[PDB]
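Next up, structure tokens for two forms of one chain, structure 1 and then structure 2.
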Structure 1
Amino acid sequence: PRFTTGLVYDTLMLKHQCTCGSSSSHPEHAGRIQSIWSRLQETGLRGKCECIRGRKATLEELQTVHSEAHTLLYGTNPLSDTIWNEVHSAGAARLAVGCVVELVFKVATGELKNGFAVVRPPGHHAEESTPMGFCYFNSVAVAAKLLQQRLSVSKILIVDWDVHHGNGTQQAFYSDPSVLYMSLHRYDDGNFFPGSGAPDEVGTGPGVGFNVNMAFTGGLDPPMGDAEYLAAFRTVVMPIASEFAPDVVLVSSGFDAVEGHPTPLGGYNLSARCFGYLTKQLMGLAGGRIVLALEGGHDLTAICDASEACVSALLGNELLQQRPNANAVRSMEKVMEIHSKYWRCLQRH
């Protein structure tokens, strides 16, 4: 077994790719994960991590999040800007889901300490019946549902540091107080992609208070960076996360917030190293039981750097104090004042 860092990856996920085979015309391409897998090798980090085997998720599992009609449509293949290979896409989308499910279940059962899924295509945008933002099935969401249904996990924490809002995951657990969805993302008063994820969307029914949207508003004037996300974790995420006290931690790990992402695909000035410190802060929760799933991040050098930092953090290795900008303070203060009504630590904000 080797109670240490885990990893999952499969070459069969590469075959979800347009027949034209170009990087430029389709940002979500096979090279996104292949570059990461090769970087983890070259840095020797793969040689220290245990590499688990991935499987295709069953239609029965996929329907823990999505409708049957939807799962049959993009899960089985007989005979605009979002691609779909008619031979290999169905299998790849299911492998992405299953790869996370397998890894998450290993880390949850104290077999591995923590893990990192190098999967594609992404998931957090994918709702019950509708695919958007180059997502089809919500791999992270399915893994959480299965943890509920098959390992009786009482309290799951989903952190989503992809720069875009995970509308699908928010939808999946909106009525659920046993799952806490935390999203740090570029919002800009609802005028970014996807456009949803307002701070005041706090959940519904039994799950009122367990949906937190750390929505940055004010735009790229100035752009957000390491200090602003660190302030977010320090004053909003970790406080509410520690109070929730989850048995497992899942991370919709999009690195599109990193430097070198143009103004539709990102526009923020975070560093790869910063995601190492965020991963480190999250490791303190759930007795170390954390697993990171790959979401977005087009720029290859940015995601390869960010992945190297996160995996090293998970192993237990290492590597300033800038103030958050006025817009970050203004954004953070809007979340705390809404979530003061549901969380003890924030009562007086």
Structure 2
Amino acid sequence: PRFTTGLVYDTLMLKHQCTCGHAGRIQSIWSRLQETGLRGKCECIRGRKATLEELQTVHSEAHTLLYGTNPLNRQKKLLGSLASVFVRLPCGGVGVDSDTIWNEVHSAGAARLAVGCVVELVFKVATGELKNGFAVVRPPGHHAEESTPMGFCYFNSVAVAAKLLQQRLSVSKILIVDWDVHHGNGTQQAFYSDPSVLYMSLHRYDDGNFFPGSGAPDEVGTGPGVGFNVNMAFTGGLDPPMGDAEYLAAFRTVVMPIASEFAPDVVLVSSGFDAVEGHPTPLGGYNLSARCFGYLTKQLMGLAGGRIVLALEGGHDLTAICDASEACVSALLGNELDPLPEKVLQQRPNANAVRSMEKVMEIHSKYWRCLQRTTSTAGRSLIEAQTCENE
């Protein structure tokens, strides 16, 4: 059926395409979606390069021309330049040579394609051509600032897509949720003074001591945007690590009450999976299950009438990102999800997480009615919170 979940992917984002895939992140996720038959139930959407004008909704002209255009256009030596871009591999295939100067050039070109791929999917959902969508896209975008690439990001795909929704379709309210384990500093910057888009980040913060070092609970916006930047910053380190119970409690007490009050017209998700188990201690440190992300997706699908697009950001462990991508797409298709273990449903969130949640709720009680009514119940398990709503 055509009114269903869309997927966007493009082999031109790959360093090396290879049958029987070795094989990087997005090629592996695409295979898992193909192999499980989820792609078959989905509408596959054709991507394209973002235009230079589209990238300039977020980034400076200078940034866009430097990283967004083929350097050879400014310049026997052509045949020699083309030759060393490529290398023949032990599978008998060819790829972009990762040991050369073309590694970062190609990644920036991949980034330009990633933005257009996301824009295409977002517009089909926002317009009702599609219901839902997931963008299988690389590199990530959420750390790229107006004039600064960083943390493997060149262009902020999700922020560009939001700017174009506002400028082309006049979308009144957009919610961006960012659940990559790292703060989306780029996205925060792009909308910091704008009350028409609510940015909500869940991230490891530990009082400024985790990459990229931004995203304090204090940072609530500037000007008329005051109140519309929510940093659900976890602090306390890994004593113990954050897991399913902690993120589920954060959705119950902070994310869903604020997002529900805001009442967005479209939801965009910066969907990194580096919080799932399999991402050791400097990269991630947390141990969410892949299946928890299927549940978080289903929660957000209750907003904006279900007009939601998830865009892959970080995540490295192949099993983890494939398990998680599978759970999110399955949720978007409306399939029944694997139930969360009794263990997770019974578990009270750890003390560091409760403290973190209460700090944010305190700061944002000033700006949201849903946090003015009551006392905190952040320390309850899901079963307990369920039990103690009734009577």
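Only residues modelled in both forms are compared. Numbering runs along the sequence of structure 1, starting at 1. By rigid core we mean the largest C-alpha set that fits within 1.5 Å across both forms.
- Taking the core as reference between the two structures, the lone member of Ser196, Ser89, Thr235, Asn269 whose Cα moves by 2 Å or more is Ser89.
- Once the rigid core is used as the reference frame, the Cα position of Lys15 differs between the two structures by 2 Å or more.
- With both forms fitted on their core, the C-alpha atom of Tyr187 sits 0.4 Å from where it sits in the other form; this compares the forms between the two structures.
- In sequence order, the runs of at least 3 consecutive residues whose Cα atoms each shift by 2 Å or more between the two structures, relative to the superposed core, are 15-21, 80-91.
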